[PDB]
Number of protein chains: 2
Amino acid sequence: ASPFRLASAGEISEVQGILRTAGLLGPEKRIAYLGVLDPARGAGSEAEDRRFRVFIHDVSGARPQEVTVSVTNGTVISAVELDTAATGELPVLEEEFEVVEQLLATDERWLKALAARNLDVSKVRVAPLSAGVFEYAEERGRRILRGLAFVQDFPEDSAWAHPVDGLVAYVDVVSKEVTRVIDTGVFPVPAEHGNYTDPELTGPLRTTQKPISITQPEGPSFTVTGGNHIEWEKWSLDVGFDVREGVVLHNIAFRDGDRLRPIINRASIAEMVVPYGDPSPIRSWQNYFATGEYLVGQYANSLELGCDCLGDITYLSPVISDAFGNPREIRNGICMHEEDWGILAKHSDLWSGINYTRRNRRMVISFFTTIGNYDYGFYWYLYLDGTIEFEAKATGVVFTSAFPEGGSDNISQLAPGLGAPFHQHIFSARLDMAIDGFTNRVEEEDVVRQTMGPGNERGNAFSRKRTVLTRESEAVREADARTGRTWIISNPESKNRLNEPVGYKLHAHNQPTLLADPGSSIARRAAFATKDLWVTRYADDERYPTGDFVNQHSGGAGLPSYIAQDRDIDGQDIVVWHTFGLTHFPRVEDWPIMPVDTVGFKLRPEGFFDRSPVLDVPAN
Amino acid sequence: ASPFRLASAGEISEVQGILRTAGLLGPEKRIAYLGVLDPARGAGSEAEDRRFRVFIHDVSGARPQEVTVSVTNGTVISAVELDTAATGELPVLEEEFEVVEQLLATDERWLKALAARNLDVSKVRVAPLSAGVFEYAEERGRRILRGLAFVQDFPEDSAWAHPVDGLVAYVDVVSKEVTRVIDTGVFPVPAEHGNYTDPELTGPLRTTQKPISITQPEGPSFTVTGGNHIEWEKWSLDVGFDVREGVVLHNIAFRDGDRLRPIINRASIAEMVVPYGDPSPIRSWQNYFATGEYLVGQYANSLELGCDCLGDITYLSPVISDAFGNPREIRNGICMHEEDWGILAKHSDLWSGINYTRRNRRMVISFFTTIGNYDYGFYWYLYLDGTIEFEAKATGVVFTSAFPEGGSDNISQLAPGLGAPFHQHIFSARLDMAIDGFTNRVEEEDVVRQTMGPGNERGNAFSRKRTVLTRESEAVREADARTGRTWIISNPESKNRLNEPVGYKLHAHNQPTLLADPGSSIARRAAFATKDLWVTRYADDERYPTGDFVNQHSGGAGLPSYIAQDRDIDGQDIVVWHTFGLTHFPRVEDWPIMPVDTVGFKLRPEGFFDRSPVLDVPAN
Ligand SMILES: [Cu+2]
Ligand SMILES: [Cu+2]
């Protein structure tokens, strides 16, 4: 029914059938990406034609293809051959990651490197990482993965505690060749284990934690209809899921009186990159785009009740395609629940004698993914007062290396001889805005200090200024915490009762952006990460800040290319791209398993309503 | 038993008796401040002498006094006459705020101003505010309060909705004279009411919220002994309460194996200033130090179970003295409870096949105070991983004015003709550090970008740098969000197993600091608010960043004076003073009652432990 419904197992199977029938999915083909296409702007087609987009990989080396199909009409709408050496390789297949360790196990150079370190190949695990784009001419036209070694002493051992430094190998996953084996020298392999479930390391488990029971006797306050349409405390939205981006929120709107007022048309984390800052040749190439290269939704965890999600939880089990086009369900991959959120508003008035207190609550929509040693949680929150917030939670096991005898300026020591290279976790939130409709504009708001003098004799006055970003070329902005800089998305054609354009204010955490030298490969490939805010004019094919094909793709696509069009964004259908991230200098406390660290952003109403929208909240 | 125990009603009664019998509490005397004194450095002297510090005001204009008494021996240890014209006026008495409206009610100038506006004097409430600035000549030596008018139509009416602009009066509360009435012109009094409990404004109340039950079948995981000593998940501390500062945390320590390791000796919000940025003569002097001038602890609210504090709550009911020395209990003034705090650590490992998830929780200690129209919540959090955090919650009703015809650059419009002047809420957290002992030092840590070239050919490297603050003259620091600046408090004499000084890292929110012109009276009186972080050498008499007698003092007192001593702070008993605040440009959504907005800071372990201190947390 709803054109925003989740993809069904049936639709996935249908796509597979359509491709097979078209002669586009024979035995040598693989689905590297498959997702449902969002409806185009405006009620074009009389009805809603369900379409899917697919990236088809060829294991024999033939050029891949991008194909769009109509599952409703059973037809291929478009199919284009891709020149990967130019526009980029398709995302990595889960089945290719396994290829690396296997191939290296039979390579003389690799075996010789392990023998030199007295390491048994059968106990050496190899972490397969994306290759990026550097100075290796032979990699032109090759589908490459780079491997870093870790020793696993036994089946349940945490290999991350035993990094094999000074060694790295490059592999052509298609031709099944080891292009290079680099050995910069033998480094002692850290000896201590990092088995956080081992009693000798955890010591006796504490028995002081009493239980906390969180329940909802009458059930949750939100309703779920059409499989993924949420209605909660005036909020309305559709919870989508894409194998690349993960959870995606659609049609976020708020009920104000007799009308449903749109706020954000589509909200997603369109990219997430983890750049490493260790200049060692062994890892200086290390940068993985979880979203763009790996597809985070694909690795979403099945969330356990009471453990991952506590309270009255309503689950969604999104379906994705496997490498052959078969539907695969991610059971309980999405948690949805509401939670108490402290005091919302409070005032004890002496004159009126009235004491008033109201509590707040928020709707939570989340999923958690695992990328090798890292695990990331994605959380979207909706508050009673109209605030929208996103929060990323980073945990898992830190990527390790050896710790240099002479110390290091780019690595921290976690244990004897065990290092943790410095790195960042930078996200890009793509917010297709729709403040009271699609006619929107962005204003940069700065606090303004005033000089003592005429009109300000006491020197106490302070103000603010707003600058409307009118063209894309002027919409690449930097944060400025010192001046309390924020960005307001308003609708110049929709005013509140005080005759002011309605709006929402974006509050950033103002964390450092990409630190890499501007001339670096990563600065170019992750250009979006160098600035805090970008505003573009909406366009169907501008989906990710890094373009459609990130794997082994040079700069040239993404935000810098979109912005160049210098389109009008003053009172138009626009998209805000907010960069935010964490800069991680690992601490001893992050070992053997790290406690969650967080980062995000939020948007609060700014003259969107005619007064507080929570005056109708009961005392309960 | 414990020298850090809360003051008892009996102790207050004893102080009253001691003062009375000593002839220091005559009919004209008033207790402007009364608090127990913390133990001095060195608890070697068995059995501590319970001493109280008292500020005695004299309503006849006679010299006030600072008296120290011993309730243990029942004697007056010291009594010093105060020269208010030199060292500042004593905190405002609750009974003085009341005299302002009463005195104005009989002043011909005031009555004429109201008559011209057709306002019934019996319906005009007067918000009594501190002098706000120091300048006027005739005010020197004179104990002044200023008054701003608001119309209350009926007993339960919210007067804040009806400000009477263009009018302000100054009152000498001791001589009981109206020194001046300034009328700059008539402004319409905003017509709409702001009664948030009126169905007319709230509309039909929501019936969509289902209950959320939060319980603890086996009780809380924390224990409370000695009335205020808390032990929870390895944490140990004493919860104190002072009429000026409110909740104060003492001896914060963490159990690491067989050792109780100290982290912070005393933590408190030593000051909180609210400067207004409207250049109008009616309010350009407006600045109130809630802590220093009003005493926030005095106005702490009684917190209702299931409303202000939800869950399994353990209350503390601190006792304070009234203006006459009588004990007054603040029933349920302090809430204490633990709450679930999502996922603590998580990792699903492919190689080991082990899936691990642990949840986090925080211990919460809080109180809420009401200062006229504003209501502020103070929250201290202790996390399982060793993190300590403070969070202030600002709510209540915004201070209003008229919204001038033609607009304003320093006031926002909340309703027809109703304005809300721009202002800030800036706090100062005084942290008497004790990282593994009193020998501490502070290092400013900045992220360091590196240029591509030799040793960094790919231009991916990035580092960090730490600068030790060795003398107070170089310990006045500013934030730098761009470089991810933080401050680490370490103990150079206590190292972790990796031979590195143990420490804790302070993460600020990097919000704007005091915006007023550098030459303003407020910039001098609240100099602490102009810089993000100050470090001083510990001293018994250096309690507040604004000095002991903030009211009507000329400026420079507190931090600027302490810092001028230029003492050694490199490996010494030091105190960190962190300035943090909110810059408020009121929104329509903040009217008629504002939803909570927050600010805070946190400190996380930085090489304090030898590995993660939460490996012993059970799965459950
Ligand atoms: Cu990290
Ligand atoms: Cu405010």
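Out of the residues in the range A:482-513 meeting the condition of being within 24 Å of A:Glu271 (Cα to Cα) and facing chain B (nearest Cβ under 9 Å), tell me which one is surrounded by the fewest Cβ atoms within 10 Å (Cβ to Cβ).
Selected residue: A:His509.
If I filter the range B:211-235 down to residues being more than 7 Å from chain A (Cβ to nearest Cβ) and without any contact (Cβ under 8 Å) to a residue 12 or more places away in the chain, which single residue comes out as surrounded by the fewest Cβ atoms within 10 Å (Cβ to Cβ)?
Residue satisfying both the conditions and the ranking: B:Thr225.
Inspect the range A:422-441 for any residue being within 10 Å of chain B (Cβ to nearest Cβ), out of contact with any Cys (no Cβ under 7 Å at 6 or more places or on another chain), more than 16 Å from ligand 1 (Cβ to nearest atom) and assigned to a strand (DSSP E or B) and give the result as yes or no.
Within the range A:422-441, not a single residue is within 10 Å of chain B (Cβ to nearest Cβ), out of contact with any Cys (no Cβ under 7 Å at 6 or more places or on another chain), more than 16 Å from ligand 1 (Cβ to nearest atom) and assigned to a strand (DSSP E or B).
So, of the residues in the range A:517-538 that are assigned to a loop (DSSP other than H, G, I, E, B) and out of contact with any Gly (no Cβ under 6 Å at 6 or more places or on another chain), which turns out to be surrounded by the most Cβ atoms within 10 Å (Cβ to Cβ)?
A:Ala526
Before we move on, is A:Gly203 surrounded by fewer than 22 Cβ atoms within 10 Å (Cβ to Cβ), within 9 Å of chain B (Cβ to nearest Cβ) and either under 28 Å from A:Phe403 (Cβ atoms) or free of Cβ contacts under 8 Å to residues at least 60 places away in the same chain (or both)?
Yes.
Could you identify the single residue in A:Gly10, A:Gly35 that is of a type in the set (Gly, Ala, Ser) and crowded, with 20+ Cβ neighbours inside 10 Å?
The match here is A:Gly35.
In the range B:442-458, which residue that is among the β-branched types (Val, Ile, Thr) and touching a helix residue (DSSP H, G or I) at 6+ places or on another chain (Cβ under 9 Å) is nearest to ligand 1 (Cβ to nearest atom)?
Result: B:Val447.
Just checking, which of B:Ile365, B:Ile343 is of a type in the set (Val, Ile, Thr), within 7 Å of another protein chain (Cβ to nearest Cβ) and in a strand (DSSP E or B)?
Of the residues listed, the single one that is of a type in the set (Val, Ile, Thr), within 7 Å of another protein chain (Cβ to nearest Cβ) and in a strand (DSSP E or B) is B:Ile343.
For the range B:557-588, give me each residue that is out of contact with any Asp or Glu (no Cβ under 8 Å at 6 or more places or on another chain), more than 17 Å from B:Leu514 (Cα to Cα) and of a type in the set (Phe, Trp, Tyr).
Residues satisfying the conditions do not exist here.
Which pairs turn up if I take residues in the range A:514-534 that are touching a residue at least 60 places away in the same chain (Cβ under 8 Å) and under 19 Å from A:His584 (Cβ atoms) and look for partners that are among the β-branched types (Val, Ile, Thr) and in a helix (DSSP H, G or I) with beta carbon separation below 7 Å, at least 6 apart in sequence or on another chain?
Every condition considered, the pairs that remain are A:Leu514/A:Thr530; A:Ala516/A:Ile522.
Across the range B:368-391, which residue is farthest from ligand 2 (Cβ to nearest atom) among those that are more than 10 Å from chain A (Cβ to nearest Cβ) and crowded, with 20+ Cβ neighbours inside 10 Å?
Among those residues, the one meeting the criterion is B:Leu382.
Say whether the condition of being under 26 Å from B:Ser317 (Cα atoms), out of contact with any helix residue (DSSP H, G or I) (no Cβ under 8 Å at 6 or more places or on another chain) and loosely packed, with under 14 Cβ neighbours inside 10 Å is met by at least one residue in the range B:50-71.
Among the residues of the range B:50-71, not one is under 26 Å from B:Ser317 (Cα atoms), out of contact with any helix residue (DSSP H, G or I) (no Cβ under 8 Å at 6 or more places or on another chain) and loosely packed, with under 14 Cβ neighbours inside 10 Å, which makes the answer no.
Of the residues that make up the range A:542-558, is at least one within 16 Å of ligand 1 (Cβ to nearest atom), more than 9 Å from chain B (Cβ to nearest Cβ) and more than 30 Å from B:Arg611 (Cα to Cα)?
Within the range A:542-558 (the criterion being within 16 Å of ligand 1 (Cβ to nearest atom), more than 9 Å from chain B (Cβ to nearest Cβ) and more than 30 Å from B:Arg611 (Cα to Cα)), the answer is no, since none of the residues qualifies.
Take the residues of the range B:460-481 that are over 27 Å from the mean Cα position of the chain (by Cα) and crowded, with 21+ Cβ neighbours inside 10 Å: which is nearest to B:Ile563 (Cα to Cα)?
B:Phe462
Of the numbered conditions (1) out of contact with any strand residue (DSSP E or B) (no Cβ under 9 Å at 6 or more places or on another chain); (2) in contact (Cβ under 8 Å) with a residue 12 or more places away in the chain, A:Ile488 fails exactly one; give the number of that condition.
All conditions are met except number (1).
Yes/no matrix, rows are residues, columns are (1) within 19 Å of B:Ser428 (Cβ to Cβ); (2) buried (at least 22 other Cβ atoms within 10 Å of the Cβ):
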| position | (1), (2) |
| --- | --- |
| B:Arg283 | no, yes |
| B:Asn287 | yes, yes |
| B:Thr291 | yes, yes |
| B:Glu304 | no, no |
| B:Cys309 | no, yes |
| B:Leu316 | no, no |
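Any residue at all in the range B:565-578 that is touching a residue at least 12 places away in the same chain (Cβ under 8 Å), over 28 Å from B:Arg261 (Cβ atoms), surrounded by fewer than 24 Cβ atoms within 10 Å (Cβ to Cβ) and away from chain A (no Cβ under 14 Å)?
yes
Restricting attention to the range A:198-210, which residues are under 33 Å from the mean Cα position of the chain (by Cα) and within 27 Å of B:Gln216 (Cβ to Cβ)?
Correct list: A:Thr202 only.
Does at least one position in the range B:562-578 carry a residue that is within 16 Å of ligand 2 (Cβ to nearest atom), more than 24 Å from the chain's Cα centre (by Cα) and in the same structural domain as B:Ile388 (by CATH)?
There is no residue in the range B:562-578 that is within 16 Å of ligand 2 (Cβ to nearest atom), more than 24 Å from the chain's Cα centre (by Cα) and in the same structural domain as B:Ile388 (by CATH).
Tally up the residues in the range A:15-28 that are without any contact (Cβ under 8 Å) to a residue 40 or more places away in the chain and either touching an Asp or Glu at 6+ places or on another chain (Cβ under 6 Å) or among the hydrophobic types (A, V, I, L, M, F, W, C) (or both), please.
Number of matching residues: 1.
Restricting attention to the range B:580-603, and to residues there that are among the charged types (D, E, K, R) and crowded, with 21+ Cβ neighbours inside 10 Å, which single residue is nearest to ligand 2 (Cβ to nearest atom)?
B:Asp590
Condition first: part of a strand (DSSP E or B) and not hydrophobic (A, V, I, L, M, F, W, C). Now tell me which residues in the range B:556-596 satisfy that.
B:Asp568, B:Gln572, B:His578, B:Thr579, B:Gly581, B:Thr583, B:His584, B:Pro595
Considering every residue within the range B:385-398, establish whether at least one is within 16 Å of ligand 1 (Cβ to nearest atom) and farther than 23 Å from B:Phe289 by Cα.
Yes, some residue in the range B:385-398 is within 16 Å of ligand 1 (Cβ to nearest atom) and farther than 23 Å from B:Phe289 by Cα.
Residues that are of a type in the set (S, T, N, Q), at least 2 per element: which strands (runs of 3 or more DSSP E) completely within the range B:10-111 meet that?
Where strands (runs of 3 or more DSSP E) fall fully within the range B:10-111 and carry at least 2 residues being of a type in the set (S, T, N, Q), they are B:65-70, B:75-81.
Among the residues that make up the range B:172-192, is at least one of them free of Cβ contacts under 8 Å to residues at least 40 places away in the same chain, touching a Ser or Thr at 6+ places or on another chain (Cβ under 8 Å) and closer than 30 Å to B:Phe97 by Cα?
Yes, the conditions are met somewhere in the range B:172-192.
Quick check: is even one residue across the range B:401-413 in contact with a strand residue (DSSP E or B) (Cβ under 7 Å, 6 or more places away or on another chain), of a type in the set (A, V, I, L, M, F, W, C) and closer than 30 Å to B:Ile264 by Cα?
Among the residues of the range B:401-413, not one is in contact with a strand residue (DSSP E or B) (Cβ under 7 Å, 6 or more places away or on another chain), of a type in the set (A, V, I, L, M, F, W, C) and closer than 30 Å to B:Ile264 by Cα, which makes the answer no.
A quick note on method: Cβ atoms are made from the backbone with ideal geometry, for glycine too, and the neighbour counts reach across all protein chains shown. Numbers and lists here come from the model and the stated rules, or from a named source; nothing here is a laboratory result.
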